[PDB]
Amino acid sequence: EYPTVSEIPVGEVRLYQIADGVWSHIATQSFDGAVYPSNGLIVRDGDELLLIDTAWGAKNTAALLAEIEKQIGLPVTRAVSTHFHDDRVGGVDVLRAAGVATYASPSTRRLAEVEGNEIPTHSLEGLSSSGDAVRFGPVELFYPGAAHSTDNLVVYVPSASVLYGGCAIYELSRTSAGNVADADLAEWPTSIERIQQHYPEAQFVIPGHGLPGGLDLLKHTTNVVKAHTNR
């Protein structure tokens, strides 16, 4: 049902409808001779769409916009990037050229600039302290604390009970840590517990990469992070 790497030729994007007015977008990138999938989210708001995260690169993100137009046919008016790495902001210049207003926390914008990555235009206030949440159109944005990165956000869609964890939440099939170069391993389990406490009613949990599941992805991620901590 949910698409996997082998179904998606590089440069193509698939959409997967999770619930009424909520999709994930799935793309792939090649790095170091392997192929990686990546997810983001699309949430309908009235007659417009909110996009969560790029499709990891300019060409993928242009394909994402073309697929949205072909399959959904509503304008993407705003986009949020959930942390500063290229799988989240790579493609922001494509979004901007297409007239999408791009957003990230000020912490994410700063880190993206230091990294030489693309920088979303607008700064999301009210997300600087662990446990902070703000409404943004049809979603709640939540800063759980440092985890995969110090700036990582998660996104909850209340009407659909969909929680998008981004790269702070791992799919079940991943049993070792990813790239954790910018992670706060010490705080990651506490940040995951904040997500659990704030969204205990979540019915669908979307990781940054790979297959959706339920809230079980949170404790799975904590297990992987603690095992890596003790490596």
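For every residue, the number given is its place in the sequence shown, counted from 1.
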Looking only at C-alpha temperature factors in the entry, 94 to 102 or 146 to 154, the higher average sits in 94 to 102
On average, are the C-alpha B-factors higher in 195 to 203 or in 179 to 187?
179 to 187
In terms of CA temperature factor as recorded, identify the highest of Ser107, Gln71, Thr121, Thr82.
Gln71
Considering only modelled residues of the same chain, in which third does the CA B-factor of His209 rank: lowest, middle or highest?
lowest
For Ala160, the third of its chain by CA B-factor is the highest
Compare the C-alpha B factor of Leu215 with those of the other modelled residues in its chain, then answer lowest, middle or highest third.
middle
Taking the C-alpha B-factors as the PDB entry records them, is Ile42 in the lowest, middle or highest third of its chain?
lowest
Ranking the modelled residues of this chain by C-alpha B-factor as given in the entry, is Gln17 in the lowest, middle or highest third?
highest
